[PDB]
Amino acid sequence: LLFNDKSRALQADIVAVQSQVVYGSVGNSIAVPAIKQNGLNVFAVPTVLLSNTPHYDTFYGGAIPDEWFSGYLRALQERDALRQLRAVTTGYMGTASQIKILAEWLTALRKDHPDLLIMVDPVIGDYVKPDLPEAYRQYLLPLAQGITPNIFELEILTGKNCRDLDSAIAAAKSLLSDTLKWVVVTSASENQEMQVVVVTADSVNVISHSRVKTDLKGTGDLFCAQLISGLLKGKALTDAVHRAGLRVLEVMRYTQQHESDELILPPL
Amino acid sequence: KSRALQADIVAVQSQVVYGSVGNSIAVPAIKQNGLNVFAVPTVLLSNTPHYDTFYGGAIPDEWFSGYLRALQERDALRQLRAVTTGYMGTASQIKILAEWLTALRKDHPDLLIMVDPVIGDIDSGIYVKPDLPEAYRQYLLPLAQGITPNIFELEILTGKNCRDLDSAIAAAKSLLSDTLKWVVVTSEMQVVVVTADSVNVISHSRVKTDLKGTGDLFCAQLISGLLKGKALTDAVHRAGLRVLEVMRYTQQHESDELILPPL
Ligand SMILES: Nc1ncnc2c1ncn2[C@@H]1O[C@H](COP(=O)(O)OP(=O)(O)OP(=O)(O)O)[C@@H](O)[C@H]1O
Ligand SMILES: [Mg+2]
């Protein structure tokens, strides 16, 4: 819309719906800083607000109440701070009810934002989380333009049973559609190899980085953070996927150099 | 030695999905000063209630209690040098925050606890949870090393008419103690710094704008200066000028929410 007046509200290119930790580097707590480094602005709508990841001996907090979550999304439209919105990334969701609301918000939002790149990360592994899969299939999946599932995630989501490249690539294809343009499947195979397969309607690219064995969390969230930034900045999908992975590696090293059990972002 | 993240400051206040108030503005400000901080939200609103709409609420007592205990169980307070408190949500939250602080004193005796008695304005009266004022005076004040209340917030804390500069100074003086080393009264723009042995009246430009969060910016900047080695009055004057600065940039930017310009 060219005929729209100037909005005195803040603007952001991305709305990241993920978890938030007071202490830690996961979800938006690590995503937002990363996006900010790429020179982009972002609004972070938490799914859950925890003291830290449930991976430590103790953690506190819970899932954001629907009325709240619902309001947070709505408010953004009312404050009129979505003119520059070019993408919406979804990470760890706390409940299926949240996914439905987000899907409702996204459906209505697309009507005005056609270039809206709804990237979705199918976090369904704690075997599977209850009710979360169907919610994804019915609400988010149909809207997602890109999905970054891992072997497992892709397996339960597609019901298919990937056992080899072709299989994993085939399942990916089955998810493509008029809306879903790509599927970035990843797998962590000491020294942990990170195998990534980029699948689209007219091509299948592959990338493979060697990774440091660690208990560091948020690497996936960080990856998605740099994936989306690389894309909103013009990089080719497979180019953005490659870099993103290199960036995550640069971060994990830097993090281990300072011997930190939680990710630390070094200048980008 | 610890491998856990560390922070010089722990900011306990409001958080908004959209807007520049509470830790939303304070954290980024603290970062600009090259300091680490852990933000513990007391309320998680969509935006400030000064808008047509707003959603969200107070963080549950168990959550709030946990966020604090977590910082300890995680052992990320090895470098803790100050704790700032801003917009609180409930008196139960302040009471919990107080106990937590009384605990930290045992292993952080030099701790600089700075509280912003967000209770009301002279042109609004008490605009927060009615129970907060009592909770402040009862639990938080006793721990505070320094506080930053406005004329009205000072009347509610001391129960004295602070409309007169001298009467206000007097009210502030009576508050000082072995714990409370200073009181930055607020009300161009006049900012009075009161210490057991002195009184400084700082005054800078004033802008007619309904920009919210400036208070939180002030404290975030004030605390940074104190921790960065600046003397009290100098820190108070710098924090105030920074805020004046920020608002000019925001207005210049034709925006209704604060925007941090490079420091
Ligand atoms: N419109 C303004 N013009 C100039 N300085 C301002 C303005 N608004 C805020 N400030 C600066 O911010 C400081 C404190 O913030 P603010 O005035 O919002 O809080 P307050 O209601 O006086 O009290 P508190 O410290 O509880 O927020 C002021 O005293 C001043 O130094
Ligand atoms: Mg105030």
# chains A, B, ... in the order shown; residues from 1 in each chain; ligands from 1
>>> interface_residues(of="chain A", to="chain B", cutoff="7 Å", atoms="only C-alpha atoms", output="list in words")
residues 8, 9, 10, 22, 23, 43, 44, 45, 51, 59, 60, 61, 68, 71, 72, 75, 259, 260, 261 and 262 of chain A
>>> closest_atom_pairs(of="chain B", to="ligand 2", cutoff="9 Å", atoms="only C-alpha atoms and all ligand atoms", output="JSON lines")
{"residue": "B:86", "atom": "CA", "partner": "ligand 2", "partner_atom_place_in_ligand_line": "1 (Mg)", "distance": 8.3}
{"residue": "B:87", "atom": "CA", "partner": "ligand 2", "partner_atom_place_in_ligand_line": "1 (Mg)", "distance": 7.9}
{"residue": "B:116", "atom": "CA", "partner": "ligand 2", "partner_atom_place_in_ligand_line": "1 (Mg)", "distance": 6.8}
{"residue": "B:117", "atom": "CA", "partner": "ligand 2", "partner_atom_place_in_ligand_line": "1 (Mg)", "distance": 6.8}
{"residue": "B:118", "atom": "CA", "partner": "ligand 2", "partner_atom_place_in_ligand_line": "1 (Mg)", "distance": 4.5}
{"residue": "B:119", "atom": "CA", "partner": "ligand 2", "partner_atom_place_in_ligand_line": "1 (Mg)", "distance": 6.7}
{"residue": "B:120", "atom": "CA", "partner": "ligand 2", "partner_atom_place_in_ligand_line": "1 (Mg)", "distance": 6.5}
{"residue": "B:121", "atom": "CA", "partner": "ligand 2", "partner_atom_place_in_ligand_line": "1 (Mg)", "distance": 6.9}
{"residue": "B:148", "atom": "CA", "partner": "ligand 2", "partner_atom_place_in_ligand_line": "1 (Mg)", "distance": 8.2}
{"residue": "B:149", "atom": "CA", "partner": "ligand 2", "partner_atom_place_in_ligand_line": "1 (Mg)", "distance": 6.7}
{"residue": "B:150", "atom": "CA", "partner": "ligand 2", "partner_atom_place_in_ligand_line": "1 (Mg)", "distance": 6.7}
{"residue": "B:153", "atom": "CA", "partner": "ligand 2", "partner_atom_place_in_ligand_line": "1 (Mg)", "distance": 7.8}
{"residue": "B:213", "atom": "CA", "partner": "ligand 2", "partner_atom_place_in_ligand_line": "1 (Mg)", "distance": 8.7}
{"residue": "B:214", "atom": "CA", "partner": "ligand 2", "partner_atom_place_in_ligand_line": "1 (Mg)", "distance": 8.9}
{"residue": "B:215", "atom": "CA", "partner": "ligand 2", "partner_atom_place_in_ligand_line": "1 (Mg)", "distance": 5.9}
{"residue": "B:216", "atom": "CA", "partner": "ligand 2", "partner_atom_place_in_ligand_line": "1 (Mg)", "distance": 8.0}
>>> residues_around(residues="residue B:145", least_positions_apart="4", cutoff="8 Å", atoms="only C-alpha atoms", output="PyMOL selection string")
chain B and resi 112-114+179-182
>>> atom_distance(atom1="atom CA of residue A:242", atom2="atom CA of residue A:11")
28.4 Å
>>> select_by_dssp(residues="stretch 58-259 of chain A", states="helix (DSSP H, G or I)", output="PyMOL selection string")
chain A and resi 66-78+96-110+132-140+151-158+165-175+219-232+237-257
>>> residues_around(residues="residue A:244", least_positions_apart="6", cutoff="6 Å", atoms="only C-alpha atoms", output="ChimeraX atom specification")
/A:223,226-227
>>> write_last_selection(atoms="N, CA and C atoms", output="PDB file, in the first residue's frame")
ATOM      1  N   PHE A 223      20.311 -21.084  14.194  1.00  0.00           N
ATOM      2  CA  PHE A 223      20.344 -21.444  12.785  1.00  0.00           C
ATOM      3  C   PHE A 223      19.183 -20.733  12.088  1.00  0.00           C
ATOM      4  N   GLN A 226      19.638 -17.039  11.680  1.00  0.00           N
ATOM      5  CA  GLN A 226      20.511 -16.672  10.553  1.00  0.00           C
ATOM      6  C   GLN A 226      19.964 -17.149   9.222  1.00  0.00           C
ATOM      7  N   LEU A 227      19.077 -18.126   9.251  1.00  0.00           N
ATOM      8  CA  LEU A 227      18.530 -18.577   7.992  1.00  0.00           C
ATOM      9  C   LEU A 227      17.629 -17.475   7.477  1.00  0.00           C
TER      10      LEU A 227
END
>>> atom_distance(atom1="atom CA of residue A:129", atom2="atom CA of residue A:31")
23.3 Å
>>> atom_distance(atom1="atom CA of residue B:211", atom2="atom CA of residue A:12")
19.7 Å
>>> select_by_dssp(residues="stretch 3-232 of chain B", states="strand (DSSP E)", output="NGL selection string")
:B and (9-16 or 37-45 or 56-58 or 82-85 or 112-115 or 120-121 or 125-126 or 146-147 or 182-186 or 189-195 or 198-204)
>>> residues_around(residues="stretch 25-27 of chain A", least_positions_apart="6", cutoff="10 Å", atoms="only C-alpha atoms", output="ChimeraX atom specification")
/A:16-19,33,44,46-48,52-53,90-92,216-222,224-225,261-265 /B:5
>>> residues_around(residues="stretch 98-111 of chain A", least_positions_apart="4", cutoff="9 Å", atoms="only C-alpha atoms", output="list in words")
residues 17, 47, 64, 65, 66, 69, 70, 73, 74, 77, 88, 90, 93, 94, 115, 116, 118, 132, 135, 136, 138, 139, 140 and 143 of chain A
